[PDB]
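>>> Could you work out the structure for the sequence below:
(one chain, ligands or ions: 3)
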Amino acid sequence: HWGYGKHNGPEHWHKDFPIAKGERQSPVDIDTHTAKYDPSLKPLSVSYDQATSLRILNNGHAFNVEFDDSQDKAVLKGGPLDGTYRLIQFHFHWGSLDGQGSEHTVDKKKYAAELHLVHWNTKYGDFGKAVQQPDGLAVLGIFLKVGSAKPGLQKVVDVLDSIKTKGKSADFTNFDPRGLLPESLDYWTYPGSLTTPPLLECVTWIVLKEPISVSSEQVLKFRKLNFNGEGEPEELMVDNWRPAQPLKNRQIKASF
Ligand SMILES: NS(=O)(=O)Oc1ccc2c(c1)S(=O)(=O)C(CC1CCCCCC1)=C2
Ligand SMILES: [Hg+2]
Ligand SMILES: [Zn+2]
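Numbers count the residues shown, from 1 in each chain. Ligands and ions are numbered 1, 2, ... in the order given. I have put the structure below:
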(Lines give C-alpha, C1' and ligand atoms only; values in the text may rest on other atoms or scores of the structure.)
(Ligands and ions follow the chains in the order given, each with its own letter.)
Protein backbone atom coordinates (compact mmCIF):
# COMPACT_ATOMS: atom_id res chain seq x y z
CA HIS A 1 0.00 0.00 0.00
CA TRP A 2 0.97 3.69 0.02
CA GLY A 3 4.15 5.03 1.61
CA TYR A 4 7.02 7.47 1.04
CA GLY A 5 9.55 5.25 -0.76
CA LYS A 6 10.31 5.23 -4.49
CA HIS A 7 7.77 2.55 -5.37
CA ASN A 8 4.81 3.70 -3.28
CA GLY A 9 5.48 7.40 -2.73
CA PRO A 10 3.81 10.73 -3.65
CA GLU A 11 4.47 10.11 -7.35
CA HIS A 12 2.41 6.88 -7.26
CA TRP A 13 -0.51 8.04 -5.12
CA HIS A 14 -2.65 9.32 -8.03
CA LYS A 15 -3.25 5.77 -9.24
CA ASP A 16 -5.31 4.74 -6.18
CA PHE A 17 -6.31 8.32 -5.33
CA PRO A 18 -6.84 10.36 -8.57
CA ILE A 19 -7.70 13.46 -6.52
CA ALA A 20 -3.91 13.74 -6.04
CA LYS A 21 -3.88 15.78 -9.28
CA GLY A 22 -6.91 17.76 -8.10
CA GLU A 23 -7.60 21.50 -8.00
CA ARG A 24 -6.94 22.07 -4.29
CA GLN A 25 -4.11 19.74 -3.27
CA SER A 26 -1.74 20.32 -0.37
CA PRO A 27 0.93 21.15 0.54
CA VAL A 28 1.98 24.21 -1.51
CA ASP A 29 4.80 26.68 -1.76
CA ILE A 30 3.94 29.93 0.03
CA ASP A 31 5.25 32.74 -2.15
CA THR A 32 5.49 35.53 0.45
CA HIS A 33 5.39 38.24 -2.24
CA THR A 34 2.22 36.95 -3.92
CA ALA A 35 0.32 36.32 -0.67
CA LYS A 36 -1.96 39.24 0.19
CA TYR A 37 -2.93 40.73 3.57
CA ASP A 38 -6.64 40.05 4.10
CA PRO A 39 -8.54 42.63 6.18
CA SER A 40 -11.66 40.41 6.24
CA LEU A 41 -9.87 37.72 8.31
CA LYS A 42 -10.93 37.72 11.98
CA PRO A 43 -8.54 37.28 14.91
CA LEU A 44 -7.34 33.64 15.19
CA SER A 45 -8.46 31.84 18.34
CA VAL A 46 -6.50 28.84 19.64
CA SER A 47 -8.11 27.52 22.80
CA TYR A 48 -6.22 24.47 24.10
CA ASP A 49 -6.45 25.00 27.91
CA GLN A 50 -8.95 22.15 28.38
CA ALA A 51 -7.29 19.66 25.97
CA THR A 52 -7.40 15.95 26.85
CA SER A 53 -4.69 13.82 25.19
CA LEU A 54 -5.22 10.06 25.39
CA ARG A 55 -2.51 8.18 23.54
CA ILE A 56 0.24 8.18 20.95
CA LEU A 57 0.17 5.81 17.98
CA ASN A 58 2.75 4.83 15.38
CA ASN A 59 0.61 4.41 12.25
CA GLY A 60 3.41 3.35 9.87
CA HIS A 61 3.63 6.84 8.29
CA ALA A 62 4.08 9.14 11.28
CA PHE A 63 2.96 9.13 14.92
CA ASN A 64 -0.34 10.67 16.04
CA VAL A 65 -0.96 12.15 19.50
CA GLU A 66 -4.69 11.63 19.94
CA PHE A 67 -7.24 13.79 21.78
CA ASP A 68 -10.64 13.25 23.36
CA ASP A 69 -12.93 15.13 20.95
CA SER A 70 -16.34 14.02 22.30
CA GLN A 71 -16.63 17.55 23.75
CA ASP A 72 -15.63 21.13 22.85
CA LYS A 73 -12.43 21.07 24.90
CA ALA A 74 -9.48 22.06 22.67
CA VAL A 75 -10.86 24.17 19.76
CA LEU A 76 -9.72 26.43 16.89
CA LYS A 77 -11.81 29.34 15.62
CA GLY A 78 -11.53 32.80 14.06
CA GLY A 79 -9.24 33.72 11.17
CA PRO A 80 -10.73 32.30 7.94
CA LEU A 81 -12.87 29.84 9.95
CA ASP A 82 -16.63 29.98 10.32
CA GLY A 83 -17.72 28.24 13.50
CA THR A 84 -15.84 25.83 15.76
CA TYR A 85 -13.20 23.22 14.97
CA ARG A 86 -12.32 20.52 17.53
CA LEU A 87 -8.78 19.20 17.98
CA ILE A 88 -8.63 15.45 17.24
CA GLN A 89 -4.87 14.78 16.89
CA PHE A 90 -1.45 16.12 15.97
CA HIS A 91 1.50 14.63 14.06
CA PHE A 92 4.67 15.79 12.35
CA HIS A 93 6.41 15.39 9.01
CA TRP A 94 10.21 15.37 9.08
CA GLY A 95 13.30 14.71 7.02
CA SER A 96 16.35 12.49 6.90
CA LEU A 97 18.32 15.72 7.22
CA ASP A 98 17.73 19.18 8.70
CA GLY A 99 17.48 20.81 5.21
CA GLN A 100 14.26 18.99 4.41
CA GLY A 101 11.20 17.66 6.17
CA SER A 102 8.41 20.23 5.97
CA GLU A 103 5.47 19.86 3.61
CA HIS A 104 4.71 23.54 3.11
CA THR A 105 7.58 25.70 1.90
CA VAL A 106 8.14 29.48 2.17
CA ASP A 107 9.68 31.03 -0.94
CA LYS A 108 10.80 27.43 -1.61
CA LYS A 109 12.61 27.14 1.76
CA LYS A 110 12.21 23.69 3.35
CA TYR A 111 12.15 23.47 7.17
CA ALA A 112 13.44 20.52 9.21
CA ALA A 113 9.91 19.45 10.13
CA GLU A 114 6.28 20.57 10.23
CA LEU A 115 3.77 20.08 13.04
CA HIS A 116 0.13 19.52 12.04
CA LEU A 117 -2.69 20.10 14.52
CA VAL A 118 -5.83 18.61 12.97
CA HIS A 119 -9.32 19.92 13.74
CA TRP A 120 -12.84 19.07 12.53
CA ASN A 121 -15.82 21.37 12.03
CA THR A 122 -18.27 20.50 14.82
CA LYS A 123 -21.44 21.40 12.63
CA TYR A 124 -20.76 18.07 10.89
CA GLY A 125 -21.10 15.88 14.01
CA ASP A 126 -18.10 13.57 13.55
CA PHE A 127 -14.67 13.52 11.84
CA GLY A 128 -15.79 10.96 9.23
CA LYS A 129 -18.65 13.20 8.06
CA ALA A 130 -16.40 16.31 8.15
CA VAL A 131 -13.83 14.85 5.72
CA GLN A 132 -16.62 14.71 3.11
CA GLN A 133 -17.10 18.49 3.19
CA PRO A 134 -15.14 21.32 1.56
CA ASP A 135 -15.00 23.14 4.93
CA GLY A 136 -14.81 20.01 7.08
CA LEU A 137 -11.30 20.41 8.50
CA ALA A 138 -8.80 23.02 9.68
CA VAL A 139 -5.15 22.10 10.06
CA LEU A 140 -2.88 24.46 11.97
CA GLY A 141 0.64 24.13 10.50
CA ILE A 142 3.81 24.97 12.40
CA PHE A 143 7.34 24.85 11.03
CA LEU A 144 10.18 23.36 13.03
CA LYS A 145 13.77 24.54 12.68
CA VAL A 146 16.80 23.11 14.46
CA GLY A 147 18.29 25.24 17.24
CA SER A 148 17.36 25.29 20.93
CA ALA A 149 15.29 22.53 22.53
CA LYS A 150 11.52 23.01 22.71
CA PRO A 151 10.74 22.14 26.33
CA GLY A 152 7.07 21.50 25.53
CA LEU A 153 8.05 18.74 23.06
CA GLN A 154 10.23 16.59 25.35
CA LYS A 155 7.35 14.50 26.76
CA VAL A 156 6.64 13.51 23.14
CA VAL A 157 10.33 12.83 22.45
CA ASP A 158 10.67 10.66 25.59
CA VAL A 159 7.79 8.29 24.63
CA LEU A 160 8.93 7.48 21.03
CA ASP A 161 10.97 4.55 22.45
CA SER A 162 7.68 2.88 23.36
CA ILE A 163 6.11 3.18 19.90
CA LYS A 164 9.04 2.40 17.60
CA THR A 165 7.20 0.25 15.07
CA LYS A 166 3.96 0.28 13.07
CA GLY A 167 0.90 -0.44 15.18
CA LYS A 168 2.52 0.28 18.56
CA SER A 169 0.80 2.73 20.91
CA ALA A 170 1.24 4.12 24.43
CA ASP A 171 -0.85 5.93 26.99
CA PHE A 172 -0.21 9.66 26.57
CA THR A 173 -2.58 11.55 28.86
CA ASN A 174 -2.19 15.07 30.32
CA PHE A 175 -0.12 16.48 27.46
CA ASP A 176 -0.55 20.20 26.82
CA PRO A 177 -0.27 21.21 23.13
CA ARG A 178 0.04 24.89 24.14
CA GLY A 179 3.74 24.09 24.72
CA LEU A 180 4.28 23.52 20.98
CA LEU A 181 3.14 26.95 19.82
CA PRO A 182 5.43 29.82 18.84
CA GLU A 183 4.95 33.32 20.26
CA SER A 184 3.21 34.85 17.19
CA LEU A 185 -0.02 33.68 15.59
CA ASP A 186 0.71 35.52 12.31
CA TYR A 187 -0.32 33.07 9.57
CA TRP A 188 -1.02 32.38 5.91
CA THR A 189 -4.25 30.62 4.85
CA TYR A 190 -5.51 28.82 1.74
CA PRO A 191 -8.05 26.09 0.86
CA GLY A 192 -6.39 22.70 0.50
CA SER A 193 -6.36 19.00 1.21
CA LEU A 194 -5.12 16.18 3.41
CA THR A 195 -1.45 15.65 2.54
CA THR A 196 -1.58 11.83 2.70
CA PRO A 197 -3.92 9.44 0.92
CA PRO A 198 -6.96 9.68 0.68
CA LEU A 199 -5.92 13.32 -0.05
CA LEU A 200 -9.45 14.64 0.48
CA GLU A 201 -9.99 18.29 -0.36
CA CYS A 202 -11.60 19.20 2.93
CA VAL A 203 -9.01 21.39 4.66
CA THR A 204 -8.68 25.05 5.44
CA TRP A 205 -4.93 25.40 5.99
CA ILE A 206 -3.57 27.85 8.53
CA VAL A 207 0.24 27.95 8.40
CA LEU A 208 2.02 29.94 11.13
CA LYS A 209 4.78 32.25 9.93
CA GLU A 210 6.94 31.97 13.07
CA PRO A 211 8.72 28.61 13.39
CA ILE A 212 9.45 26.85 16.67
CA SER A 213 12.98 25.63 17.32
CA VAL A 214 13.73 22.10 18.46
CA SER A 215 17.15 20.64 19.39
CA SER A 216 19.18 18.42 17.07
CA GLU A 217 18.86 15.58 19.62
CA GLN A 218 15.06 16.02 19.71
CA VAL A 219 14.86 15.70 15.88
CA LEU A 220 17.33 12.80 15.97
CA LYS A 221 14.90 10.78 18.09
CA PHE A 222 12.05 11.36 15.57
CA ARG A 223 14.41 9.78 13.00
CA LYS A 224 14.83 6.64 15.17
CA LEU A 225 11.18 5.64 14.63
CA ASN A 226 10.42 2.77 12.21
CA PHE A 227 7.99 2.64 9.25
CA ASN A 228 7.87 -1.16 9.55
CA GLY A 229 6.14 -3.39 12.09
CA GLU A 230 7.87 -5.25 14.93
CA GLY A 231 10.28 -8.02 13.89
CA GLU A 232 10.67 -6.75 10.31
CA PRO A 233 13.69 -5.31 8.46
CA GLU A 234 14.34 -1.83 9.81
CA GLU A 235 13.06 1.02 7.68
CA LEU A 236 13.72 4.34 9.39
CA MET A 237 10.76 6.71 9.64
CA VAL A 238 12.26 9.66 7.77
CA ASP A 239 11.19 11.90 4.88
CA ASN A 240 7.49 11.27 5.47
CA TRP A 241 6.54 14.56 3.70
CA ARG A 242 4.68 15.27 0.45
CA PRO A 243 6.30 17.96 -1.72
CA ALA A 244 4.60 21.20 -2.80
CA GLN A 245 1.71 20.86 -5.24
CA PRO A 246 0.35 23.19 -7.98
CA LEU A 247 -1.44 26.21 -6.46
CA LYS A 248 -3.78 26.39 -9.47
CA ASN A 249 -4.83 30.03 -9.17
CA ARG A 250 -5.99 29.58 -5.52
CA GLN A 251 -5.08 32.59 -3.42
CA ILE A 252 -2.93 32.48 -0.28
CA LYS A 253 -3.94 35.13 2.19
CA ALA A 254 -1.90 36.67 5.01
CA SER A 255 -3.18 37.64 8.46
CA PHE A 256 -0.49 40.35 8.83
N1 LIG B 1 -1.02 16.43 6.92
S2 LIG B 1 -2.54 16.11 7.25
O3 LIG B 1 -3.35 16.42 6.02
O4 LIG B 1 -3.03 16.92 8.40
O5 LIG B 1 -2.55 14.67 7.56
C6 LIG B 1 -3.62 13.88 7.94
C7 LIG B 1 -4.41 14.19 9.04
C8 LIG B 1 -5.46 13.36 9.44
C9 LIG B 1 -5.75 12.17 8.75
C10 LIG B 1 -4.92 11.85 7.66
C11 LIG B 1 -3.87 12.69 7.26
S12 LIG B 1 -5.53 10.36 7.06
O13 LIG B 1 -4.54 9.23 7.21
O14 LIG B 1 -6.06 10.51 5.67
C15 LIG B 1 -6.76 10.17 8.22
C16 LIG B 1 -7.68 8.93 8.30
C17 LIG B 1 -8.80 8.75 7.26
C18 LIG B 1 -10.01 8.19 8.02
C19 LIG B 1 -10.79 7.16 7.19
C20 LIG B 1 -11.70 7.81 6.14
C21 LIG B 1 -10.89 8.68 5.14
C22 LIG B 1 -10.51 10.04 5.74
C23 LIG B 1 -9.18 10.06 6.54
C24 LIG B 1 -6.71 11.25 9.03
HG1 LIG C 1 -13.98 17.42 1.13
ZN1 LIG D 1 0.32 16.30 8.30
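
>>> For residue 225, which residues are in contact?
Residue 225 makes contact with 58, 63, 160, 163-164, 236-237, according to C-beta atoms under 8 Å, 6 or more residues apart in numbering. The way it works is simple: take the backbone N, C-alpha and C, and place the C-beta from them, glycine included.

>>> how close does it get to residue 60?
10 Å (C-beta to C-beta, to the nearest Å).

>>> again with residue 104
Residue 104 sits 23 Å away from residue 60, going by C-beta to C-beta.

>>> Looking at the two, which is more packed in?
The neighbour comparison of residue 104 against residue 60 (other C-beta atoms under 10 Å) goes to residue 104, with 26 against 20.

>>> Quick one: residues contacting that one.
Contacts of residue 104 (C-beta under 8 Å, 6+ apart): 26-30, 114, 141, 143, 205, 207, 244.

>>> Looking at the residues you listed, state which has the most neighbours.
Of the contacts of residue 104, with other C-beta under 10 Å as the count, residue 205 tops at 27 neighbours.

>>> Identify the residue nearest residue 217 in space, chain neighbours excluded?
The shortest distance from residue 217 to any non-neighbouring residue, by C-beta to C-beta, 6 or more residues apart in numbering, is to residue 149 (7.7 Å).

>>> Residue 220 is in contact with that neighbour, correct?
No. Using C-beta atoms under 8 Å, residue 149 is not in contact with residue 220, being 11.7 Å away.

>>> Of the two, give the one with the bigger neighbour count.
Between residue 149 and residue 220, counting by other C-beta under 10 Å, residue 149 is the more crowded of the two (14 against 11).

>>> so the more buried one is in which element?
Under the criterion DSSP states H and E, no helix or strand holds residue 149.

>>> How about the contacts made by it?
Applying C-beta under 8 Å, 6+ apart, the residues near residue 149 are 213-215, 217-218.

>>> what's the spacing between it and ligand 2?
Separation of residue 149 from ligand 2 (C-beta to the ion, to the nearest Å): 38 Å.

>>> How about residue 219?
For residue 219, the distance to ligand 2 - C-beta to the ion - is 32 Å.

>>> Show me which residues of the stretch 1-150 of the chain are close to ligand 1?
116, 118, 131, 139 (C-beta under 6 Å from any ligand atom).

>>> for the stretch 151-256 of the chain, same thing?
194-196, 198, 200.

>>> check those against ligand 2, which are close?
residue 200 (C-beta under 5 Å from the ion).

>>> And the residues of the stretch 151-256 of the chain next to ligand 1, which is closest to ligand 2?
residue 200 (4.9 Å; C-beta to the ion).
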